[PDB]
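Shown next, in structure tokens, is the structure this report addresses.
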Amino acid sequence: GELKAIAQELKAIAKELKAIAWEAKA
Amino acid sequence: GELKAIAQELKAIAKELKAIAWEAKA
Amino acid sequence: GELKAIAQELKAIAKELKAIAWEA
Amino acid sequence: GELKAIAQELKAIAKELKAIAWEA
Ligand code: NA
Ligand code: NA
């Protein structure tokens, strides 16, 4: 349960960092 | 560049934690 | 900024994972 | 164990993000 929730959190952080990486490019 | 690579790393950690969460269940 | 807030998030998760390791 | 190694990974990334924040 707790590890699955933390896994989803880390996936979401990954998407947030990718969006920041993109905004920096554009 | 570096943020995109770290984003991929965090996605991969997410899959590793999800696999650990699963192994624990089964 | 925003990256610092994410960095703190990751350090919080690291503490949670260490706690889970020792829970079982 | 394995979770501790991932926790250390996350603390390493947190330091990288803090460095990127201050790079620019
Ligand atoms: Na979650
Ligand atoms: Na990578």
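Residue numbers (the entry's author numbering), protein chains in the order written: chain A, 1 to 26; chain A', 1 to 26; chain B, 1 to 24; chain B', 1 to 24. A prime marks a further copy of an entry chain. All residues carry an ideal CB built from backbone N, CA and C; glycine is no exception.
- Please classify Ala14 (chain A'): is it buried, with 16 or more other beta-carbons within 10 angstroms of its beta-carbon, or exposed? Taking the first residue of the second sequence as position 1, residue 14 (chain A') is located at position 14. So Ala14 (chain A') ends up on the buried side.
- Task: Determine the chain B' residues that contact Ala14 (chain B) at a beta-carbon separation under 7 angstroms, and present them in chain order.
- Result: Here the question's residue 14 (chain B) lines up with position 14 in the third sequence. Chain B' residues near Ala14 (chain B): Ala7, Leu10, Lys11.
- With respect to the alpha helix (DSSP H) encompassing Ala5 (chain A), which residues constitute its N-terminal and C-terminal limits? Locating residue 5 (chain A) in the first sequence gives position 5, counting from the first residue. That run of the alpha helix (DSSP H) goes 2 to 25.
- Item | Contact list for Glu23 (chain A) against chain B, beta-carbon separation under 7 angstroms | Within the first sequence, residue 23 (chain A) is the residue found at index 23, counting from 1. Those within 7 angstroms of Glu23 (chain A) in chain B number zero; the least Cβ separation is about 10 angstroms.
- Exposure label - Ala26 (chain A'); buried when at least 16 CB within 10 Å: Position 26 of the second sequence holds residue 26 (chain A'). Classification of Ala26 (chain A'): exposed, given that the 10 Å Cβ count is below 16.
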